[PDB]
Ligand SMILES: [Ca+2]
Ligand SMILES: [Mg+2]
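Numbering (the entry's author numbering), first residue to last: 16 to 34, 37 to 67, 69 to 125, 127 to 130, 132 to 183, 184A, 184 to 187, 188A, 188 to 204, 209 to 217, 219 to 220, 221A, 221 to 245.
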């Protein structure tokens, strides 16, 4: 996350870190047995780490549970990143408490202008590499589809929305992929892609979760 702030330990209780010997993506807990992340974060051998703040220090509120199965969207396209969403089932149900909580799925899509909270352990430099150990947060508004499409001509589908600052300076970055974009108490986006990080006129692009609620509900109830 570039131009963000330190969230504070466990203030984003639904934030998950996907680990395959090291943190490689973020995710969101939707209920005790399931996590949603980005399909491009797919890997075999994932351990889900809940209740984290510093990912290099066991501070006492973590739960490390292995994934029993992963389901990438039936229409995910790795070339355009369209339908960039995946579901991960935990081998054991997590114990929800103050530090580990699930996030609600949206009943409707959010409007441009709505402020959201984006979080993750990704790079914090637009030009450079600095990986933080504690969770960083960023408040950013959803941008109009028109400013999103002018930034990325012929690359935005109805399953994506842009959030950020066209002036640049604040944005999600690598290591933040798969993490949450929460607006008004609902999970509305998933950190998907962008052009560099925090560049001018290059906002981040997010998977638009409101278009996948029936698929999520159906899939988790049948697995
Ligand atoms: Ca830790
Ligand atoms: Mg993240």
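The beta carbon of each residue, even a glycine, is placed where N, CA and C say it ideally should be.
> Among residues of its own chain, excluding the 5 on either side of residue 119, which ones have a beta-carbon nearer than 6 angstroms to its beta-carbon?
Replying inline: Shown here for residue 119: same chain residues with a beta carbon closer than 6 angstroms to its own, the five before and five after excluded, namely 28 and 29 in chain order.
> Cβ of residue 71 within 7 angstroms of any heavy atom in ligand 1?
Replying inline: It does: the Cβ of residue 71 is within 7 angstroms (strictly closer) of some heavy atom of ligand 1.
> Can you list every residue whose CB sits closer than 5 angstroms to some heavy atom of ligand 2, going in chain order?
Replying inline: Selection output, chain order preserved: 43, 140, 194 and 197.
> How would you label residue 75, buried or exposed, when you count the other beta carbons within 10 angstroms and need 16 or more for buried?
Replying inline: Taking all protein chains shown into account, residue 75 has fewer than 16 neighbouring C-beta atoms within 10 Å of its C-beta and is therefore exposed.
>> What does the alpha-carbon distance come out to for the pair residue 71 and residue 243?
In response: Taken atom to atom, the span from the alpha-carbon of residue 71 to that of residue 243 is near 30 angstroms.
> Rounded to a whole number of angstroms, what is the C-alpha to C-alpha distance between residue 167 and residue 152?
Replying inline: Here the alpha carbons of residue 152 and residue 167 stand approximately 30 angstroms from one another.
>> Taking 8 angstroms as the threshold (C-beta atoms), are residue 47 and residue 123 in contact?
In response: For residue 123 and residue 47, yes; Cβs fall inside 8 angstroms.
> Got a sec, what are the start and stop residues for the beta strand (DSSP E) residue 52 sits in?
Replying inline: Membership of residue 52 in the beta strand (DSSP E) is indicated by the continuous run 51-54.
> Do residue 75 and ligand 1 come close, with the Cβ less than 7 angstroms from some heavy atom?
Replying inline: Residue 75 Cβ: within cutoff of ligand 1.
> Nearest-angstrom Cα distance between residue 39 and residue 62?
Replying inline: Answer to the nearest angstrom: the Cα atoms are 12 angstroms apart.
> Of all the options 223, 54, 57 and 37, which has the alpha carbon lying nearest to the alpha carbon of residue 64?
Replying inline: When each option's Cα is compared against that of residue 64, the closest is 37.
> According to the Cβ coordinates, are residue 231 and residue 212 closer than 8 angstroms?
Replying inline: By the CB criterion at 8 angstroms, residue 231 and residue 212 fall inside the cutoff.
> DSSP on residue 242, reduced to helix/strand/coil?
Replying inline: In the three-state reduction of the DSSP assignment, residue 242 falls in the helix class, which pools H, G and I.
> Quick one: is residue 190 buried, meaning 16 or more other Cβ sit within 10 Å of its Cβ, or exposed?
Replying inline: Per the 10 Å Cβ criterion, buried.
>> Here's the rule: buried if 16 or more other CB atoms are within 10 angstroms of the residue's CB, otherwise exposed. What is residue 20?
In response: Exposed.
>> Mapping the DSSP letters down to three states, classify residue 165 as helix, strand or coil.
In response: Secondary structure of residue 165 (DSSP, three-state): helix.
>> Given 7 angstroms as the limit, tell me if residue 80 has its C-beta closer than that to any heavy atom belonging to ligand 1.
In response: Yes, the Cβ of residue 80 comes within 7 angstroms of a heavy atom of ligand 1.
>> I'd like to confirm the pairing. Which residues does DSSP put opposite residue 117 in its beta bridges?
In response: In the DSSP assignment, no residue is bridged to residue 117.
> Of the choices 210, 101 and 181, whose alpha-carbon is the least far from that of residue 216?
Replying inline: Ranking 210, 101 and 181 by Cα distance to residue 216 puts 181 first.
> On the three-state DSSP scale, how would you describe residue 40?
Replying inline: In the structure shown, the three-state DSSP call for residue 40 is strand.
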